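What follows is a short report on a single structure.
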Amino acid sequence: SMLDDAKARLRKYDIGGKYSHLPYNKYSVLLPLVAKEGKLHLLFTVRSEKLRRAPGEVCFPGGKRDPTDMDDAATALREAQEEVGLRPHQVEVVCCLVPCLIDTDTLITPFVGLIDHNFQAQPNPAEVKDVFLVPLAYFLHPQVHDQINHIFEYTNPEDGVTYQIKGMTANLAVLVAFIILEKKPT
Ligand SMILES: COc1cccc(CC(=O)Nc2ccon2)c1
């Protein structure tokens with residue numbers, strides 16, 4: 001099946017807890033996969049305009065590890081619940097992808113999660129201005145704009161709204177698309 005195939009692909013890139021004990025400032029993100037209309041999608045947030053870092057930017061749910069978290073996956077799930085109302089029973093964490101090093105002292109660990117079909121996002125307006133889906137296949141043939149660095153523009157055909165996706169967020173989206181969609185019979 002589509003979902004069994006995606007999970008099998010993802011597990012081959014799982015680094016697990018290999019880098020998780022290193023003494024960094026630690027953040028986790030959840031890369032949430034949603035199946036709609038016979039295709040996989042990624043769920044993105046738009047950060048509230050009131051936030052300190054990167055107001056109004058597109059990102060994945062996530063945030064800083066706190067002492068309550070049993071592990072890095074727990075960070076991702078706790079923050080996702082706070083931001084968009086995703087409950088633990090509504091997500092299956094499939095793997096941990098390559099972590100991202102920033103600012104010399106920070107390590108961001110991305111987890112891919114399969115999202116239940118009855119989840120409906122409830123954006124928390126103190127943290128998130130918007131939540132939207134992009135088909136995973138978009139990231140194989142994106143609309144690129146050079147700002148000089150590469151930015152993706154995605155237009156939602158439901159309403160004509162355009163979102164800009166860039167940086168770590170754009171890079172992780174491409175990675176997930178390659179992992180799941182490369183070398184597939186039609
Ligand atoms: C891939 O994008 C990133 C990069 C860095 C940190 C985060 C976590 C985060 O702050 N997500 C939020 C907050 C409010 O809405 N989403 C995500």
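Quick note: residue numbers are just sequence positions, from 1. Just so it is clear, the values below take in all heavy atoms, side chains as well, and ignore hydrogens, waters and symmetry mates.
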[X], [Y]: one ILVMFWY side-chain cluster at the under-4.5 Å cut-off?
X: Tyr163; Y: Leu133; answer: no
X: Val34; Y: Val84; answer: yes
X: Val98; Y: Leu181; answer: yes

Would you check if the side chain of [X] reaches a backbone N or O of [Y] as a donor-acceptor pair within less than 3.5 Å?
X: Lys50; Y: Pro125; answer: no
X: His141; Y: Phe139; answer: no
X: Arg47; Y: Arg52; answer: no
X: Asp69; Y: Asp72; answer: no
X: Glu83; Y: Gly62; answer: yes
X: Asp103; Y: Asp105; answer: no
X: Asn156; Y: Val161; answer: no
X: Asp14; Y: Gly16; answer: yes
X: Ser28; Y: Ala73; answer: no

Between [X] and [Y], which heavy-atom pair has the shortest distance, and what is it?
X: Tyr24; Y: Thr106; value: CD2-N, 3.6 Å
X: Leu51; Y: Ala126; value: CD2-O, 3.6 Å
X: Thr75; Y: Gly63; value: CG2-O, 3.3 Å
X: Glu79; Y: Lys64; value: OE2-O, 3.8 Å
X: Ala74; Y: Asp71; value: N-OD1, 2.9 Å
X: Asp116; Y: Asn118; value: OD2-N, 2.8 Å

Residue that, paired with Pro110, satisfies side chain to side chain contact (heavy atoms under 4.5 Å, CB included) out of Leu172, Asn171, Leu175: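 Checked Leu172, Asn171, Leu175 against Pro110; only one passes side chain to side chain contact (heavy atoms under 4.5 Å, CB included): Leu172.
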Indicate every side-chain donor-acceptor pair of residues 89-97 with a distance under 3.5 Å to a residue at least two apart or in another chain.
{"unit_1": "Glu92", "atom_1": "OE1", "unit_2": "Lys7", "atom_2": "NZ", "d": "3.0"}

Flag the pair [X] / [Y] as yes when at least one side-chain heavy-atom distance between them is below 4.5 Å, and no otherwise.
X: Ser48; Y: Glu127; result: no
X: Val58; Y: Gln164; result: no
X: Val29; Y: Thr169; result: no
X: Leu43; Y: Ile115; result: no

Once you round to the nearest 0.5 Å, how far does [atom1] of [X] lie from [atom2] of [Y]?
X: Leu136; Y: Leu42; atom1: CG; atom2: CG; result: 5.0 Å
X: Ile151; Y: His145; atom1: CD1; atom2: NE2; result: 9.5 Å
X: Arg65; Y: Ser20; atom1: CZ; atom2: OG; result: 7.0 Å
X: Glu57; Y: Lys166; atom1: CD; atom2: NZ; result: 4.5 Å
X: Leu40; Y: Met2; atom1: CG; atom2: CE; result: 4.5 Å
X: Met168; Y: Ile108; atom1: CE; atom2: CD1; result: 4.5 Å

Plane angle bin for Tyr154 and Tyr138 - parallel if under 30°, tilted between 30 and 60°, otherwise perpendicular: perpendicular
Steps toward side chain to side chain donor-acceptor pair (under 3.5 Å) verdict (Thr155, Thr162): CA-CA 4 Å; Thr155 305; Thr162 301; 2.9 Å; yes
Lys129: salt bridge (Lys or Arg N to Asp or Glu O under 4.0 Å) partners, not counting sequence neighbours: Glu49
Atom CD of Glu158: over 12 foreign heavy atoms under 6.0 Å: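 Counting neighbours around CD of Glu158, 12 or fewer heavy atoms of other residues, nucleotides or ligands fall under 6.0 Å, so no.
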More than 12 heavy atoms of other groups within 6.0 Å of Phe132 CZ: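 Enclosed: over 12 neighbouring heavy atoms sit under 6.0 Å from CZ of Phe132.
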Partners meeting side chain to side chain contact (heavy atoms under 4.5 Å, CB included) with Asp5 (sequence neighbours left out): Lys184
Partners meeting side chain to side chain contact (heavy atoms under 4.5 Å, CB included) with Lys12 (sequence neighbours left out): none
Salt-bridge present (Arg78, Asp66; N to O < 4.0 Å):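 Yes, this pair counts.
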For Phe119, all residues meeting ring-ring contact (aromatic ring centres under 6.0 Å, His included), sequence neighbours excluded: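 Partners of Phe119 by the ring-ring contact (aromatic ring centres under 6.0 Å, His included) criterion come out as none, since no residue qualifies.
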Selection residues 56-83 - residue pairs positive for ring-ring contact (aromatic ring centres under 6.0 Å, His included), sequence neighbours left out: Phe44-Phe60
